[PDB]
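Enquirer: Questions regarding the structure given below will be posed in turn.
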Amino acid sequence: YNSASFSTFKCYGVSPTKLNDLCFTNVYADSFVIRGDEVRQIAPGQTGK
Amino acid sequence: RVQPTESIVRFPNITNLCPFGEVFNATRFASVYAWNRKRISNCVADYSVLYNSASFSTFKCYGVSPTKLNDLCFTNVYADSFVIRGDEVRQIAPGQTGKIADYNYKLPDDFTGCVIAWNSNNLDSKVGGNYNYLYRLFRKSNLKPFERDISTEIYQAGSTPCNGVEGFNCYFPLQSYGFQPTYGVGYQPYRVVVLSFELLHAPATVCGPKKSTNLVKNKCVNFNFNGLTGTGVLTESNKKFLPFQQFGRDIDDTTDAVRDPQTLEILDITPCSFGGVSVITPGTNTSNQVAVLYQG
Amino acid sequence: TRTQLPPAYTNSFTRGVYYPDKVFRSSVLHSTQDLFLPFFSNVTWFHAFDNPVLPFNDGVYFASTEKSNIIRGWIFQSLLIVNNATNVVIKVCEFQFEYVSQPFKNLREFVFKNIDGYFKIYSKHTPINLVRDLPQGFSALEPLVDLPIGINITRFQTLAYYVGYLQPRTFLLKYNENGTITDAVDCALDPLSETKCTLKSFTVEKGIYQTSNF
Amino acid sequence: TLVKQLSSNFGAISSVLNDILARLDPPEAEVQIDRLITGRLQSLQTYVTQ
Ligand SMILES: *[C@@H]1O[C@H](CO)[C@@H](O[C@@H]2O[C@H](CO)[C@@H](O)[C@H](O)[C@H]2NC(C)=O)[C@H](O)[C@H]1NC(C)=O
Ligand SMILES: *[C@@H]1O[C@H](CO)[C@@H](O)[C@H](O)[C@H]1NC(C)=O
Ligand SMILES: *[C@@H]1O[C@H](CO)[C@@H](O)[C@H](O)[C@H]1NC(C)=O
Ligand SMILES: *[C@@H]1O[C@H](CO)[C@@H](O)[C@H](O)[C@H]1NC(C)=O
Ligand SMILES: *[C@@H]1O[C@H](CO)[C@@H](O)[C@H](O)[C@H]1NC(C)=O
Ligand SMILES: *[C@@H]1O[C@H](CO)[C@@H](O)[C@H](O)[C@H]1NC(C)=O
Ligand SMILES: *[C@@H]1O[C@H](CO)[C@@H](O)[C@H](O)[C@H]1NC(C)=O
């Protein structure tokens, strides 16, 4: 959170300020690389190509 | 017990009417970000205007039933008006959590009054969006009841400086509602008015439409004065009060002396409910004549 | 001209009470708590050229001894309290809400408090020809008017007198047959004080009394 | 102590029965009245035992 070394840093549906505080069940992650014209396509309520 | 016979009213002395048209029926209303407060005194309110005429969208009275509203005199009436999204209406509730209830005007848990709301179709909406109306979104800490915030500093997130140092993790705490006629019913602007008051804390200033009656003495009857009610024999007094003193108490801190707003005199209150029955008999076998006794 | 001179000091001696409510009582020992002036507290005696901006705390105690009405009003948007030969002026603005009341050797006292957006004025006129240190005589400051402005006040500036500061304390006001304050005793001053407070009487006999917990 | 117990609110809106009657409704007046009944009854129990 304090790295400040990212072009995109946002938590959807949860508070990123308070994440190290509550316990979850499972954590999963998907990683890929896209163009600069496709950054906003990957977002809730966002569609496209 | 002695039974009371009649009832007397020495309740009102005012004649002016409470300014209400500008309070409700008008159109110019401040944003929920900065909510106006109005002082009302020395007049009479009418539930018939509110309860009967029109229907609006909300008549939720908390603490006191609406049907009895204009029957008890109040002190220091305060009125609050603002416009929010219809989706945000539920957040205005005693003790209910909500974003507006967290970073904007928050209703106290013990609030005693009523809230009236109604939808606005296009009165406070623009085809491109009503951006004049704003709602607080970001705040370092929560608010206390009946408080306002005026600072427009850019919200600070993380260690990145904000509040003037625009940059990463810096956002404007105020967002435009953007009300539009094409918006959904839940997203349409709603005109809500919050009214609050106090009871039995001060001399009467805003009393109900009910008029007074004559003044009887030497017979325990129902009496009402500015809201206080009781039963007992009323008579003249010898104790002299200060020019400002109104009520009268005893060792038990119970009302026993009142000032009539009309006659402006010291009135005594005495208990009228009393008695207990004791029956002495010579015995069922012996005879039947009885002799009742009253204890006190 | 604005001269300088070091401040003086003096002590309060059982002075300053006011009716907590508008209600009448007679020959009782009703107990109450509010923002009062604690007994035997330092009073910053200001002797007059001097007029600093005094920090307006929660509750003050303004009292002038006797003059030729050189004092006219006070300073508190901004509240404009001032008196002329004509109607006393009550205004609220940044002068460089409005109201007037009526055209206008001793000792005068005034207390200012601000609760529930209300500005209360308790005062009392006492003809006294005593000396620099004010005498010891119990009296109350009756209410005069309550003009609500409900604003944020932090500073007040005057326009030989004393000022003090109030604190939340619990008192015990003795009432006479005519319902006038005659005696007051605290229970946050000395062990005898809290003993008198918990026994709810003005006389205590030999023995042991339980007061509170540590 | 009994007499002074009357002024106690006992976790209700107010203490005066007449005042509660005026500003409330019979359909839901049961809450405050019930709480007051319980409190004052318990006070009587203690006093009678003493
Ligand atoms: C309470 O008020 C009464 C009545 O004024 C006082 O009793 C005295 O009454 C006579 C009436 O003939 C007056 O001439 C006296 O001046 C009154 N005494 C005083 C001291 O004023 C009674 O004294 C008052 N109580 C107190 C504590 O002052
Ligand atoms: C108000 O009181 C005055 C004096 O007691 C009386 O003359 C007047 O008729 C009263 N008016 C109302 C509306 O009660
Ligand atoms: C103006 O307000 C009054 C009461 O506040 C109401 O009775 C009246 O209907 C309003 N006028 C309108 C809605 O045109
Ligand atoms: C009444 O009393 C008399 C004498 O005391 C006795 O003879 C008689 O049986 C009694 N009758 C009843 C109904 O108790
Ligand atoms: C009043 O202030 C002086 C110096 O500021 C101090 O010596 C004195 O102890 C104070 N009074 C009391 C009762 O403590
Ligand atoms: C006293 O001062 C007030 C302040 O506005 C003013 O209105 C009034 O005319 C003055 N009167 C005299 C006699 O100077
Ligand atoms: C009152 O004003 C002071 C100084 O501007 C400020 O620090 C304080 O937060 C204000 N309080 C309120 C309640 O407005």
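Enquirer: When the distances between all Cα atoms of chain B are binned every 5 Å from zero, what whole-number percent does each bin get?
Expert: 1, 4, 9, 11, 12, 11, 9, 8, 7, 6, 6, 5, 4, 3, 2, 1, 1, 1, 0, 0, 0, 0
Enquirer: What value in Å³ per residue do you get for the convex hull of the alpha-carbon atoms in region C:1-114?
Expert: Values: hull volume 21.8 nm³, N = 114.
About 191 Å³ per residue, rounded to a whole number.
Enquirer: Here is a further query. Report, in cubic angstrom per residue, the convex hull volume of the C-alpha atoms of region B:1-143.
Expert: On the way: hull volume 23.1 nm³, N = 143.
Cα convex hull per residue, to the nearest whole number: 162 Å³.
Enquirer: Once you compute Rg and the Kirkwood Rh from C-alpha atoms, what is the Rg to Rh ratio for region B:143-286? Present the calculation step by step, with values, prior to reporting the outcome.
Expert: On the way: Rg = 31.0 Å, Rh = 22.8 Å.
Rounded to two decimals, Rg/Rh equals 1.36.
Enquirer: In addition: Can you give the alpha-carbon Rg of region C:15-70 over 2.2 N^0.38 Å, where N counts its residues?
Expert: Values: Rg = 15.8 Å, N = 56, 2.2 N^0.38 = 10.2 Å.
For region C:15-70, the normalised Cα radius of gyration comes out at 1.56.
Enquirer: Of the listed pairs C:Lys22/C:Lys113; C:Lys120/C:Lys200; C:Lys174/C:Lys206, which have alpha-carbon separations greater than 19 Å here?
Expert: Details: C:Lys22/C:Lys113 16 Å; C:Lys120/C:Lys200 29 Å; C:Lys174/C:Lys206 23 Å.
Over 19 Å Cα-Cα: C:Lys120/C:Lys200; C:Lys174/C:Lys206.
Enquirer: Would you please give the residues with an amide H less than 5 Å from that of C:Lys120, counting only those at least 5 places away or on a separate chain, with H modeled from the backbone geometry?
Expert: C:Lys113, C:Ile115
Enquirer: May I pose another question? Can you give the FRET efficiency to the nearest 0.05 for B:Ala93 and A:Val39, using r as the Cβ-Cβ distance and R₀ = 41 Å? Can you show the working numbers first?
Expert: Working: r = 40 Å, r/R0 = 0.97.
Once rounded, the FRET efficiency stands at 0.55.
Enquirer: Give me the dipole magnitude in Debye, nearest 20, for the protein assembly as shown about the Cα centre, with unit charges on the beta carbon: positive for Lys and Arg, negative for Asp and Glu.
Expert: Numbers: 55 positive and 51 negative charges, 138 e Å.
Dipole size: approximately 660 debye.
Enquirer: With +1 assigned to the C-beta of every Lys and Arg and -1 to the C-beta of every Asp and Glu, and no other charges, what is the dipole magnitude of region B:1-55 about the Cα centre in debye, to the nearest 20?
Expert: On the way: 6 positive and 3 negative charges, 49 e Å.
Charge dipole of region B:1-55: 240 debye, to the nearest 20.
Enquirer: Roughly how many nanometres apart are two label points built 7 Å out from the Cα toward the Cβ at A:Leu22 and C:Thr1?
Expert: Taking the two extended label points, one gets 7.0 nm.
Enquirer: Mind jotting down a quarter of the surface of the convex hull over the alpha carbons of region C:113-184, in square nanometres, one decimal? Kindly include the intermediate steps, with their values, before the conclusion.
Expert: Details: hull surface 29.1 nm².
In nm², the orientation-averaged hull projection of region C:113-184 is 7.3.
Enquirer: Taking each pair of different alpha-carbon atoms in region B:205-296 once, compute 1/r for the pair, average those values, and report the inverse of that mean as the Kirkwood hydrodynamic radius in Å to one decimal. Each step should come with its number before you reach the end.
Expert: On the way: mean 1/r = 0.0609 Å⁻¹.
Value: 16.4 Å, from the Cα pair sum.
Enquirer: A further question on this structure: Run a plain Debye calculation on region B:94-178 (Cα atoms as equal point scatterers, no solvent) and give log10 I(q)/I(0) at q = 0.16, 0.19, 0.23, 0.25 Å⁻¹, rounded to two decimals, same order as the q list.
Expert: Taken in order of the listed q values, log10 I(q)/I(0) reads -0.81, -1.00, -1.14, -1.20.
Enquirer: How big is the equivalent ellipsoid of chain C along its three axes, where each semi-axis is √(5λ) from the Cα gyration tensor, reported in whole Å from largest to smallest? Please report the intermediate quantities before stating the final value.
Expert: Numbers: eigenvalues 221, 82, 61 Å².
Calculated on Cα positions only, the semi-axes equal 33, 20, 17 Å.
Enquirer: Would you calculate the separation in nanometres between label points at D:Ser7 and B:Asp149, each defined as 7 Å from the Cα along the Cα-to-beta-carbon direction?
Expert: In this crude label model, D:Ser7 to B:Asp149 measures out at 4.1 nm.
Enquirer: Once both labels are modelled 7 Å past Cα along the beta-carbon direction, what's the B:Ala157-C:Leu159 spacing in nm?
Expert: 5.2 nm
Enquirer: Next up: Report the semi-axes of the equivalent ellipsoid for chain A in whole Å, largest first, where each axis is √(5λ) for an eigenvalue λ of the Cα gyration tensor. Write down the numbers at each step before the final one.
Expert: On the way: eigenvalues 112, 42, 25 Å².
Square roots of five times the eigenvalues give 24, 15, 11 Å.
Enquirer: Please list the three semi-axes, largest first and in whole Å, of the ellipsoid equivalent to chain D, using sqrt of 5 times the eigenvalues of its alpha carbon gyration tensor. Show your work: numbers first, answer last.
Expert: Details: eigenvalues 105, 25, 10 Å².
They are 23, 11, 7 Å, listed from largest to smallest.
All of the numbers you see were taken from the coordinates with simple rules; none came from a lab. As a convention, Cβ positions derive from the backbone with ideal geometry for all residues, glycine included, and neighbour counts pool all protein chains shown.
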